[PDB]
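Engineer: Chains as they are written, first to last, in UniProt numbering: chain A, 150 to 198; chain B, 237 to 442; chain C, 38 to 216, 224 to 508. Dumping the structure here so I can ask a few things about it.
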């Protein structure tokens, strides 16, 4: 019971730590680059107007 | 005498900065030293505790004269500076003396004329350059250069100028560069041979 | 002394365009002068000189330009700018946004006439803020406490109860009554719909507080210049009451977001180009001219404290109106859509809220010695309670420790007893602090790490 738990629990930690890393290194930076582009383009439209 | 705030006061020579601007703090003075004639920035924000810089410069630095500029500050913040500074003291030749014997304050709240809030650092640096020319070492503190830049932006808006970076006028970076280029150690104009300096600390609010 | 000369009346209208009438042959035109127009049918309107150039003046009419023509319309130039009569008889009165009475009382006998533009207070004469203004609302008085001479906005959004909160502050506000008739309120409301305006007028009469209050109402379909004038009449009154009659004045300015909409319109009528985000480039210097009419001054026993109230689009704090207000004022009280949806009132969120002068208002001789410690510990428990409540949905309630279950009990009882309060329930700061201790007593006294041992010894135990 301890070894079937331990081997099943080790897998779920790896999958979870991979999501914490992917959100920190891949997903959040893509949102921040998008959001920085939008602000830059809205300054352009304002200067054209 | 009378001098234009936007003209740099002339010197025989401008010199490299060699001597520390000591503050009496162990950090700062050891790990992150400034020179006499140097330039420094600090973050201007509520909780951080700016007053240790201002009060260590005023009480304990090897400056001969202090110039402080408020340049569009909140009314209750400016009131705190103008209350506190007269109460600061230092020990000279075994006698306690007021900080206001070697200090001048420029003070501007957010409802003063926008022309004053923008002129403020040019008034404060021109006062600093006048005591440099006597052969004193001066520290100048600007309480927030972000409030100065917002006044410069409002003036360009009144003039209907092209809005460039984030609505700030095209010259913003040149105005900041030309201002901080007035810091330094110098060989003064005129006959009795002497050296002075002006060191600038400018707070900024990202 | 007096102005003495007879008035000139002109029938020299050159043109009419939008809100503006243009006249020529005017004798030495004065900028910002008030003028009276009489229409062809005998109707009367008034306006202000918006620009002068040689013999030409252009007048912005407050009412419409409809029915005006170049032949029969006459304009009478009064010789002077806008000045308001002012007196202590203005407490207990209701006025419109031009200072005209709307309460069936008579027109004001002046103790003085003042220029509504005022003058800036000298930085040498302003002394630092001090004791509390007691609003009667626990989320403000207990944790975002307001000093005499502070300026602190309420940040809100459309459909949230910020007018019900403003009305409750107006009914309940005063000094702390430790161990006064020297307290007054000026209430100003800009761009108010008739339902909201009837509520303010009715609620202050019905709940019998008018003897402390001067009320200025500007409705959503009043002239947009009266909205520009409204904060200036209110603050010109607060300056007479505070710095000549020595009162502590509370000023409530309602929708500075409505004020900015009128400012943008007067700017457009001058044919200026729209500034950053569509507001005038000078909107900081304009808002600072309202908000810095505040403080304590040397040698006079009165003060002015301001509570601006603002509505934000998209619930976005980064819009020019709340953003420029943040650079001038010293704190924020934040009104929250989620607490409102959860049926909590007043829906004030204490985690993003801050009063930057709270340490100057509270403590021994100003409130009670434990106030700072109780405020720090209630904030610390609530910030942990919201974090335990989040992990409970991840780990399940059987994985929570006994200490997590204490924070989970505190969180529920804090929101039901401290934050939740009636719209006609008034708590002193002492009652607020006692409700604060009833909640802190949920914990073993070892948990209360923000409170020193001396405060725990005097206040943690119950007593007969």
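Ideal Cβ positions, reconstructed from N, Cα and C, are used throughout, including at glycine.
#1: Look at the alpha carbon of residue 238/C and the alpha carbon of residue 294/B, and state the distance between them as a whole number of angstroms.
#2: Using beta-carbon positions only, say whether residue 298/C and residue 203/C come within less than 7 Å of one another.
#3: With distances taken from CA atoms, which of 241/C, 491/C, 488/C is nearest residue 140/C?
#4: Which residues, in order along the stretch 150–172 of chain A, keep a beta-carbon less than 7 Å from a beta-carbon of chain B?
#5: Which residues in the same chain as residue 328/C place their Cβ atom closer than 8 Å to its Cβ, once the five residues preceding and following it in sequence are excluded?
#6: Quick check on DSSP: helix, strand or coil for residue 296/C?
#7: Among residues of its own chain, excluding the 5 on either side of residue 500/C, which ones have a beta-carbon nearer than 7 Å to its beta-carbon?
#8: By Cβ distance, which residues of its chain are closer than 8 Å to residue 158/C, with the 5 residues on each side in sequence left out?
#9: Got a sec: does the ligand HEM put a non-hydrogen atom nearer than 6 Å to the Cβ of residue 311/B?
#10: Residues in its own chain within less than 6 Å of residue 381/B by CB, not counting five upstream and five downstream?
#11: Could you check whether the stretch 58–66 of chain C touches the stretch 97–117 of chain C, counting it as contact only if at least three pairs of C-beta atoms, one from each stretch, sit closer than 8 Å?
#12: Residues in its own chain within less than 7 Å of residue 152/C by CB, not counting five upstream and five downstream?
#13: Per DSSP, what kind of secondary structure is residue 245/C in: helix, strand or coil?
#14: Quick check: residue 255/B and residue 272/B, are their CB atoms within less than 7 Å of each other?
#15: Curious, which full-length beta strand (DSSP E) runs of at least 3 residues does the stretch 43–128 of chain C contain?
#16: Could you check the C-alpha separation between residue 290/C and residue 198/C for me, to the nearest Å?
#17: Which residue comes first and which comes last in the beta strand (DSSP E) that contains residue 485/C?
#18: Comparing the C-beta of residue 405/B with each C-beta of chain A, is any distance below 7 Å?
#19: What does the alpha-carbon distance come out to for the pair residue 310/C and residue 427/C?
#20: Between the alpha carbons of residue 417/C and residue 232/C, how many angstroms are there, rounded?
#21: Looking at C-alpha atoms only, which residue of 378/B, 329/B, 367/B is the closest neighbour of residue 422/B?
#22: Output yes if chain C places a C-beta closer than 7 Å to the C-beta of residue 421/B; else output no.
#23: Sort 338/B, 337/B, 352/B by Cα distance to residue 344/B and report the nearest one.
#24: Here's a check: name, in chain order, each residue in its chain whose Cβ is nearer than 7 Å to the Cβ of residue 127/C, leaving out the five neighbours to either side.
#25: Using the C-alpha atoms, what's the distance from residue 322/B back to residue 337/B?
#26: Do you know offhand how far residue 401/B's Cα is from residue 189/A's?
#27: Just checking: is the beta-carbon of residue 196/A within a distance shorter than 7 Å of some beta-carbon in chain B?
#28: Identify the contact partners of residue 399/B in chain A, using a Cβ-Cβ distance below 9 Å as the criterion.
#29: Roughly how many angstroms lie between the CA atoms of residue 373/B and residue 299/B, to the nearest whole one?
#30: Could you pull out every residue in the same chain whose Cβ sits closer than 6 Å to the Cβ of residue 275/B, ignoring the five residues on either side in sequence?
#31: Expressed to the nearest angstrom, what Euclidean distance is found between the alpha-carbon atoms of residue 413/C and residue 319/C?
#32: Can you tell me where the alpha helix (DSSP H) holding residue 385/C begins and where it ends?
#33: According to DSSP, is residue 344/C helix, strand or coil?
#34: Out of curiosity, what's the CA-to-CA distance linking residue 389/C and residue 334/C?
#35: Restricting to Cα atoms, I'd like to know which of 349/C, 473/C, 432/C, 314/C is closest to residue 59/C.
#36: Is it right to say residue 149/C is buried, meaning 16 or more other beta carbons lie within 10 angstroms of its own, or is it exposed?
Structural biologist: Put simply:
#1: Roughly 57 Å between the two C-alpha positions.
#2: Taking C-beta atoms as the reference points, residue 298/C and residue 203/C count as a pair closer than 7 Å.
#3: Nearest of 241/C, 491/C, 488/C to residue 140/C, Cα basis: 241/C.
#4: Closer than 7 Å at the C-beta level to chain B, one finds no residue of the stretch 150–172 of chain A.
#5: Answer for residue 328/C: 368, 371, 372, listed in chain order.
#6: Note: residue 296/C maps to strand in three-state DSSP.
#7: Within its own chain, the residues whose Cβ lies closer than 7 Å to the Cβ of residue 500/C, once the five positions on either side in sequence are excluded, are 489, 492, listed in chain order.
#8: Counting only Cβ-Cβ distances below 8 Å, and skipping sequence neighbours, we find 336, 337, 339, 341.
#9: The ligand HEM is not part of the structure shown, which contains no ligands of any sort.
#10: Within the same chain, Cβ atoms closer than 6 Å to the Cβ of residue 381/B are found at 438, 440, the five residues on either side in sequence being excluded.
#11: Contact between the stretch 58–66 of chain C and the stretch 97–117 of chain C is present, because at least three Cβ pairs lie under 8 Å.
#12: Excluding residues within five positions, the ones whose Cβ falls inside 7 Å are 118, 120.
#13: In the displayed model, residue 245/C falls within a helix according to three-state DSSP.
#14: Cβ atoms of residue 255/B and residue 272/B: closer than 7 Å.
#15: You should have 45–47, 50–54, 57–60, 71–75, 81–90, 93–98, 111–114, 120–123.
#16: A direct Cα-to-Cα measurement between residue 290/C and residue 198/C gives close to 33 Å.
#17: Premise fails: residue 485/C is in no beta strand (DSSP E) and is neither H nor E.
#18: For residue 405/B, the nearest beta carbon of chain A is not closer than 7 Å to its own beta carbon.
#19: Inter-residue distance for residue 310/C and residue 427/C is about 45 Å (C-alpha atoms, whole angstroms).
#20: Just so you know, the alpha carbons of residue 417/C and residue 232/C end up roughly 35 Å apart.
#21: Residue 422/B has its Cα closest to that of 367/B, out of 378/B, 329/B, 367/B.
#22: Closer than 7 Å: no.
#23: When only C-alpha atoms are compared, the closest one is 352/B.
#24: Within the same chain, residue 127/C has close Cβ partners 145, 258, 281.
#25: One C-alpha to the other measures close to 10 Å.
#26: Roughly 10 Å between the two C-alpha positions.
#27: By this cut-off, residue 196/A is an interface position.
#28: Contacts between residue 399/B and chain A, judged by CB atoms closer than 9 Å, involve 192, 195, 196 in chain order.
#29: In this structure, the alpha-carbon of residue 373/B lies about 5 Å from that of residue 299/B.
#30: If the five residues before and after residue 275/B are omitted, its C-beta is found closer than 6 Å to the C-beta atoms of 416, 419, 436, all from its own chain and listed in chain order.
#31: Straight-line measurement puts the Cα of residue 319/C at about 49 Å from the Cα of residue 413/C.
#32: Residue 385/C: member of the alpha helix (DSSP H) spanning 381–385, first to last residue.
#33: Residue 344/C sits in coil when the DSSP states are folded into three classes, being neither helix nor strand.
#34: Taking the straight line from one Cα to the other gives about 30 Å.
#35: Closest option to residue 59/C, Cα to Cα, is 314/C.
#36: Exposed, because fewer than 16 other Cβ atoms sit within 10 Å of the Cβ of residue 149/C.
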